[PDB]
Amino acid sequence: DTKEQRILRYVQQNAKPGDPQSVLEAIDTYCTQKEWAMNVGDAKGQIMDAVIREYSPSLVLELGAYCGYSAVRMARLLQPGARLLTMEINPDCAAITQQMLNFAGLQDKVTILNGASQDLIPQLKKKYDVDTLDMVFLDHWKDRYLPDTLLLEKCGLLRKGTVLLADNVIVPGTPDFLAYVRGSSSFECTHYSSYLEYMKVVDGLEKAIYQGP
């Protein structure tokens, strides 16, 4: 039995089926009262909400699903017809995420892709008929942010206006990623400060808006 299963079980026992809000609230309650887990969380969730509302992406890509907290957070604000693709390398996490989406009633707006981002990204065009992305949420292994971003660039999946939203750019930290996007005229960056309450340390998100090549 694992932490992630315990989270899922707490939700099935306490949340209301078909109700994404109550699912979020239960995950936050559990991970705040019983055992911490690396969900983006409610504070950073507020920033993610504002971003989705401002840009109204029709096609979103998430890197790193874990227990589905962030997938549920975003999918619940998507407009009719909009969709979320989420890539998860670990099949145990994809399973928990799938069940979390099922319980929330969001399964028709979200598609889980099983694999490593770098394996799946070059397949997006021809296998999943993607033209370009409207938004990408990066929240997988920190060493992957930069190479995957350059890979997204090279496969031609970004367009002028595409919103990159990167979590944990301070802790554990993604210095090479930040240096690249902040350094580059191809991206316009904003930093959103946020505090990780359990670890009592300042973190943040970076919003990088692509300008084209």
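Note that residue numbering follows the sequence shown and begins at 1.
**Student:** Please compare 61 to 69 with 168 to 176 and name the stretch with the higher mean C-alpha B-factor in the deposited structure.
**Tutor:** Per the PDB record, 168 to 176.
**Student:** Could you check which stretch, 115 to 123 or 75 to 83, carries the larger mean CA temperature factor in the entry?
**Tutor:** Going by the record's values, the stretch with the higher mean is 75 to 83.
**Student:** If you rank the chain by CA B-factor, which third does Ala208 end up in: lowest, middle or highest?
**Tutor:** Its C-alpha B-factor, which the entry lists for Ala208, ranks in the highest third among residues of this chain.
**Student:** Using the B-factor values recorded in the entry, state whether the Cα atom of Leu106 falls in the lowest, middle or highest third among the modelled residues of its chain.
**Tutor:** As the PDB entry reports it, the C-alpha B-factor of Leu106 lands in the middle third of its chain.
**Student:** If you rank the chain by CA B-factor, which third does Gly183 end up in: lowest, middle or highest?
**Tutor:** It falls in the top third of the chain.
**Student:** Is the Cα B-factor recorded for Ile27 in the lowest, middle or highest third of its chain?
**Tutor:** For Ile27, whose C-alpha B-factor we compare with every modelled residue in the chain, the answer is the lowest third.
**Student:** Compare the C-alpha B factor of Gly41 with those of the other modelled residues in its chain, then answer lowest, middle or highest third.
**Tutor:** Middle third of the chain for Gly41's C-alpha B-factor.
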